[PDB]
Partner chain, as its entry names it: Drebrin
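Taking the form solved without its partner chain, here's one chain by itself in structure tokens.
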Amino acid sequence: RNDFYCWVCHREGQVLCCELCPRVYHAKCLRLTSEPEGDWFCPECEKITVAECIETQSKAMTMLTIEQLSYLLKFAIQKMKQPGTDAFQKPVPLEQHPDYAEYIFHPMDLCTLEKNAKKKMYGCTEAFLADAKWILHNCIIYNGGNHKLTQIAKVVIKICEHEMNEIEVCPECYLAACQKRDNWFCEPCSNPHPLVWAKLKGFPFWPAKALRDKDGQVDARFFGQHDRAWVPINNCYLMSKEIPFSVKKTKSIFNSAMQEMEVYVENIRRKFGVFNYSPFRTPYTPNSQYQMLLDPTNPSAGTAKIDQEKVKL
């Protein structure tokens, strides 16, 4: 049953209908080349389609069954359900809001979202976020964009977006960080993240995992603190024995980071049999293979084939 309120701006008016879902849109809100002719699927349905196509699913999704994704969405829900989100934890009751269904054609709340996830209804992170966004749309429609509840619903969505992004960067990292087992940061992932010296401007060189490469920036997760930052690629070296010296305020904190990295290297050598340190100041390059080479003096031989286990995660 189609919505009356634009998915983008949350206002009524003349609105286009999606063929696949009940969302509607002002044409003007979509900034189109021209209005659609007939077969039209909205930006949410389009995203979901691209994300759920096996050939073009993310690295994260290729890693994961629908049931494994559902486990991770359960962790995301628990972050969304934090103290102060009470108003959104259960369906809106008609007792308190007798006219709710006159405005809100697709109710949603955190308990429904959680149940849906447990039932394996979501095929990708995009689909989970698209559904959670009904909570904010509905809040704005019914209560108004400047209502205090809208602040809360906005934070719930920003949390969801954050958690979905983390799943997509690396589902194995995400699960490890969620469960916080003993030395969780020292567990190598199935396609292990290269270790780098990473220098954020104004910060000392520090050991990190390189999680992804986007246009000249590296997404680095630092040993010790386990914080993150985009780092310019030319400020990232492959891990080496020789340390790029920086003046630092606390030696003990840097020591704890190096110790953690040492355990990680022991663990990767156990898991894959290899870890190659680089000559000092060797530039990190995207999708770096160096550390996983069987013979680092013979890069054409690549990484060793030992493998055909189903439980890769």
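Residue numbers count along the first chain shown, from 1.
If you look for the form solved in complex with its partner chain, you will not find it shown, but the lines that follow are about it.
- The stretch in contact with its partner chain in the entry with it bound, judged by heavy atoms within 4.5 Å, is 82-90, chosen from 138-146, 189-197, 82-90, 238-246.
- Interface residue remark: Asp215 is not counted as part of the site for its partner chain in the entry with it bound, having no heavy atom within 4.5 Å.
- Looking at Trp184, you'd find a heavy atom of it within 4.5 angstroms of its partner chain in the entry with it bound.
- In the entry with it bound, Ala27 stays away from its partner chain, with no heavy atom inside 4.5 Å.
- In the entry with it bound, at least one heavy atom of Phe203 sits within 4.5 Å of its partner chain.
- In summary, among the residues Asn287, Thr62, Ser34, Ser252, the only one with a non-hydrogen atom within 4.5 Å of its partner chain in the entry with it bound is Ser252.
- Only one of the listed residues (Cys111, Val155, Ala101, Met121) places a non-hydrogen atom within 4.5 angstroms of its partner chain in the entry with it bound, and that residue is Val155.
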